[PDB]
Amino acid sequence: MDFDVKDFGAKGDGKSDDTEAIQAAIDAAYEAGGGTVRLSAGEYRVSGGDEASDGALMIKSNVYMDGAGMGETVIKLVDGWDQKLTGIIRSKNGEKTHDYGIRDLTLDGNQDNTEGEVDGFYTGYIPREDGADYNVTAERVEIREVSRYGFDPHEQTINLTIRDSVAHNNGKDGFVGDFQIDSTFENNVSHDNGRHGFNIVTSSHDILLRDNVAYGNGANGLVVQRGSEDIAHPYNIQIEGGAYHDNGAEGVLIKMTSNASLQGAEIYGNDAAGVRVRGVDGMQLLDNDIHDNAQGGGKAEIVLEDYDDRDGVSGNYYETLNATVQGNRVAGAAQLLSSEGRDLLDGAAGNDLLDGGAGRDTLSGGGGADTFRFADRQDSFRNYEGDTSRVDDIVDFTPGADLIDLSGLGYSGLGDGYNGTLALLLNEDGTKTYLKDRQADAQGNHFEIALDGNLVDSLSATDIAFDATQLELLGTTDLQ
């Protein structure tokens, strides 16, 4: 059954406190078993409760609020409110609220004329307890001028959808997804917020972030992170399309997350790296357009690195693992470092640094002068049985342009492959060129690298750095 707020005494005049009248329509719609609460165009002033957890308006199960449009219907916090208010619209703490939503309206937190932390839209059940809100929809909603978090769906919410919405000029993050599950953020814009455009945090998993745009935020365009507590990391985070540009830090930052994907985005004009990946297990970075980042200083368009939390709350060291970096256009340097397991690392037009770490990795530099680093003799090797897997291959080594950094391995130079030298060998059919250590170590292992193609004639000693002195002289990058 459909309910109009004006029928409950709501004025929408910008001056009268309409909180009770709008909540009356909510409660009547909830008592009918569900329905739509409609708000014609106008500015409805609203106030909070006794506690921050009271929010301002309590949406209920099977209740949807439909305004007359963003800008047309504005729900604005009263002048002078001085109490922390957790959700101008919110579901009840300790209730699994379900099948509710808001559409075509503006939430205005009025931070210029209020004091206290205010969040726009708050969802969820109980922090650190099992249970969830579910089937939650925000469609064409604008949240602005809240002092902290604009869209703040919270622990836990399953099947939250926020689409075609905007968060701007909020004091902290425009969108936070806090322990969101099986949820969708699609075709949203988050801009000119105090800190992050989008912030996916607190164990959120199976999240689609499709065709979102974040610009002009004080910190990240999008950050996906564990957060500050020792809890399960987020995982299964798929970032598809959109644009993360002109933000105060990295365009996209992903850290302490498993199975994350960033594909087909445009990423530019950010003050820090365009993309930064710290301690991510399973990272796919495909077909993105990355340019003109590090505007605030910095040497890298793309940064892959570990996340050392040993001095932090978990006590753990988190490696970036299982990385696939292909198809990107990158107008600047990519630092692509990974660890145990098979990595596929493709640089682009910049002067890139590539290191797949342990395991059988396939590396390519693309354009420019690229350094392929092998930090450990066990990072590319063939074993006693002749198991040729675990041997890295470099797809496109360019003699006179690229560099093989062996400076930490203690080989003296090219030679016959014994006594600390490496042999340069062509395989039987002349399809691959090998650098080989013919001397087995105590475990029977042989350091070996495959260079795809025939380079036995074009490769020279000046294409390999065999010690730190040679690396300082020959290094192609500004990232070592």
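The first residue of the sequence shown is number 1, and the count goes up from there. Only the largest set of C-alpha atoms that superpose within 1.5 Å between the two forms is called the rigid core.
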{"item": "Greatest C-alpha divergence in 4 other deposited structures of this protein once each structure is fitted on the rigid core, 385 to 393 or 110 to 118", "value": "385 to 393"}
{"item": "Stretch with larger C-alpha RMS deviation in 4 other deposited structures of this protein, core superposed, 190 to 198 versus 375 to 383", "value": "375 to 383"}
{"item": "Mean Cα B-factor comparison, 445 to 453 or 423 to 431, giving the higher one as deposited", "value": "423 to 431"}
{"item": "Stretch exceeding the other in mean C-alpha B-factor - 257 to 265, 77 to 85", "value": "77 to 85"}
{"item": "Top Cα B factor in the deposited entry, candidates 371, 114, 236, 184", "value": "114"}
{"item": "Selection from 289, 340, 104, 308 [criterion: highest C-alpha temperature factor in the record]", "value": "104"}
{"item": "Chain-relative CA temperature factor third for residue 211", "value": "middle"}
{"item": "Residue 36 - which third its CA temperature factor falls in, relative to the rest of the chain", "value": "highest"}
{"item": "Cα B factor band for residue 412 (lowest, middle or highest third within the chain)", "value": "middle"}
{"item": "Among modelled residues of the same chain, the CA temperature factor third for residue 245", "value": "middle"}
{"item": "Third of the chain, ranked by Cα B-factor, where residue 128 sits", "value": "highest"}
